[PDB]
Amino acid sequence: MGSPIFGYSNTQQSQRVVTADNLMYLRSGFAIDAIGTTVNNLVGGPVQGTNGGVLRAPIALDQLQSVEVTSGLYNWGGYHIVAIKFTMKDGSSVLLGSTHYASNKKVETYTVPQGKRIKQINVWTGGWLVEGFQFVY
(Lines of atoms letter the chains of each structure in order from A and count residues from 1; the text may use other names and numbers.)
(Lines give C-alpha, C1' and ligand atoms only; values in the text may rest on other atoms or scores of the structure.)
Protein backbone atom coordinates (compact mmCIF):
# COMPACT_ATOMS: atom_id res chain seq x y z
CA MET A 1 0.00 0.00 0.00
CA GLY A 2 3.02 2.26 0.39
CA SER A 3 6.64 2.66 1.37
CA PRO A 4 7.96 3.10 4.90
CA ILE A 5 8.08 6.58 6.35
CA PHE A 6 11.63 7.69 5.58
CA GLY A 7 13.19 9.97 8.16
CA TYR A 8 10.95 11.13 11.00
CA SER A 9 7.26 11.91 11.42
CA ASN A 10 6.98 13.98 14.61
CA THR A 11 6.20 17.25 12.79
CA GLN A 12 3.19 18.20 10.66
CA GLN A 13 1.97 15.92 7.87
CA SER A 14 1.08 17.22 4.42
CA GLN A 15 -0.18 15.13 1.51
CA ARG A 16 0.77 15.87 -2.10
CA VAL A 17 -1.00 14.04 -4.91
CA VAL A 18 1.10 13.05 -7.91
CA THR A 19 -0.31 14.46 -11.15
CA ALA A 20 -0.44 12.73 -14.52
CA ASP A 21 3.02 14.23 -15.11
CA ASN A 22 4.48 11.87 -12.46
CA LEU A 23 6.91 14.44 -11.05
CA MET A 24 8.50 14.96 -7.63
CA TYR A 25 9.97 18.42 -6.99
CA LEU A 26 12.53 19.22 -4.30
CA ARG A 27 14.34 22.22 -2.91
CA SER A 28 17.65 21.18 -1.39
CA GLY A 29 21.00 22.47 -0.16
CA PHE A 30 22.99 20.80 2.63
CA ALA A 31 19.67 19.12 3.52
CA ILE A 32 16.22 18.55 2.01
CA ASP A 33 14.29 21.82 2.34
CA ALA A 34 10.97 20.97 0.66
CA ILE A 35 9.17 18.29 -1.36
CA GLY A 36 6.19 18.55 -3.70
CA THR A 37 4.56 17.21 -6.86
CA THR A 38 4.30 20.53 -8.75
CA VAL A 39 6.50 23.61 -8.88
CA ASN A 40 3.90 25.40 -6.73
CA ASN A 41 2.96 22.93 -3.96
CA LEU A 42 6.29 22.12 -2.28
CA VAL A 43 5.99 21.33 1.44
CA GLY A 44 8.80 22.45 3.72
CA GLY A 45 10.69 25.56 4.72
CA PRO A 46 10.23 28.89 2.96
CA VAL A 47 12.90 30.63 0.93
CA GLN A 48 13.71 33.09 3.71
CA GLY A 49 17.01 34.89 4.12
CA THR A 50 19.68 32.47 2.93
CA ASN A 51 17.48 29.47 3.82
CA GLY A 52 15.33 27.33 1.54
CA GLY A 53 17.78 25.62 -0.80
CA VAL A 54 17.58 25.53 -4.59
CA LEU A 55 14.78 24.08 -6.70
CA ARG A 56 16.22 21.00 -8.40
CA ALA A 57 15.29 19.25 -11.60
CA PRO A 58 12.21 17.09 -10.91
CA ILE A 59 12.35 13.35 -10.35
CA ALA A 60 10.28 11.35 -12.84
CA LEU A 61 8.41 9.05 -10.45
CA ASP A 62 7.36 6.70 -13.24
CA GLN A 63 11.09 6.28 -13.92
CA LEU A 64 12.10 5.80 -10.26
CA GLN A 65 13.61 2.46 -9.24
CA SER A 66 14.79 3.05 -5.67
CA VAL A 67 15.67 5.65 -3.06
CA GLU A 68 18.50 5.80 -0.53
CA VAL A 69 17.48 8.30 2.15
CA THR A 70 20.01 9.70 4.61
CA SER A 71 18.60 11.31 7.76
CA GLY A 72 20.27 12.55 10.91
CA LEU A 73 21.00 15.30 13.40
CA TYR A 74 21.56 18.31 11.16
CA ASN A 75 24.47 20.47 12.29
CA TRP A 76 22.29 23.60 12.54
CA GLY A 77 19.67 21.73 14.56
CA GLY A 78 17.13 18.95 14.61
CA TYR A 79 16.62 15.54 13.05
CA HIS A 80 15.69 15.80 9.37
CA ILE A 81 16.23 14.20 5.99
CA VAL A 82 19.54 15.55 4.71
CA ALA A 83 20.05 13.61 1.46
CA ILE A 84 18.11 11.48 -1.01
CA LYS A 85 19.74 9.41 -3.74
CA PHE A 86 17.27 8.59 -6.52
CA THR A 87 18.17 5.62 -8.74
CA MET A 88 16.19 5.45 -11.99
CA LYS A 89 15.21 2.48 -14.15
CA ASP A 90 17.77 3.53 -16.75
CA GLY A 91 20.47 2.84 -14.13
CA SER A 92 21.38 6.47 -13.44
CA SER A 93 21.23 8.16 -10.06
CA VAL A 94 21.06 11.68 -8.68
CA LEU A 95 21.91 12.75 -5.12
CA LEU A 96 20.09 15.74 -3.67
CA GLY A 97 21.13 17.22 -0.35
CA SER A 98 24.27 16.17 1.48
CA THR A 99 25.46 13.52 3.93
CA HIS A 100 28.23 15.73 5.34
CA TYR A 101 26.40 18.17 7.65
CA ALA A 102 24.70 15.78 10.06
CA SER A 103 25.64 13.40 12.85
CA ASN A 104 23.77 10.38 14.23
CA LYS A 105 22.81 9.43 10.70
CA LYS A 106 20.71 6.59 9.35
CA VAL A 107 20.30 5.36 5.77
CA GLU A 108 17.01 3.85 4.58
CA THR A 109 16.89 2.11 1.19
CA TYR A 110 13.69 1.20 -0.62
CA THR A 111 12.85 -0.13 -4.08
CA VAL A 112 9.58 0.83 -5.77
CA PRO A 113 7.89 -2.48 -6.69
CA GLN A 114 7.42 -3.21 -10.37
CA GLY A 115 3.96 -2.17 -11.50
CA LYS A 116 3.21 0.15 -8.55
CA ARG A 117 2.49 3.77 -9.42
CA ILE A 118 3.29 6.31 -6.71
CA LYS A 119 0.01 8.22 -6.40
CA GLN A 120 0.80 10.44 -3.41
CA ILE A 121 3.75 11.66 -1.36
CA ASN A 122 3.23 12.29 2.33
CA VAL A 123 5.66 14.90 3.66
CA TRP A 124 6.39 15.81 7.28
CA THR A 125 7.74 19.30 8.00
CA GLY A 126 7.84 21.67 10.95
CA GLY A 127 8.38 24.73 8.75
CA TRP A 128 12.15 24.64 8.15
CA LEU A 129 13.24 21.33 6.56
CA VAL A 130 11.71 18.00 5.57
CA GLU A 131 11.68 15.58 8.48
CA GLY A 132 10.16 12.68 6.54
CA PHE A 133 8.33 11.48 3.46
CA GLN A 134 6.45 8.43 2.27
CA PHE A 135 5.21 7.00 -1.03
CA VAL A 136 1.60 5.78 -1.27
CA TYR A 137 0.18 3.41 -3.90
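Just count from 1 along the sequence shown to find any residue number.
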Comparing mean C-alpha B factor in the record for 110-118 and 5-13, the higher one is 110-118
Using the B-factors recorded in the PDB entry, average over the C-alpha atoms of 47-55 and of 23-31, then report which stretch comes out higher.
47-55
Looking at 105, 80, 100, 85, which one carries the largest C-alpha B-factor according to the PDB entry?
100
Per the entry, which of 40, 71, 75, 92 tops the list for Cα B factor?
40
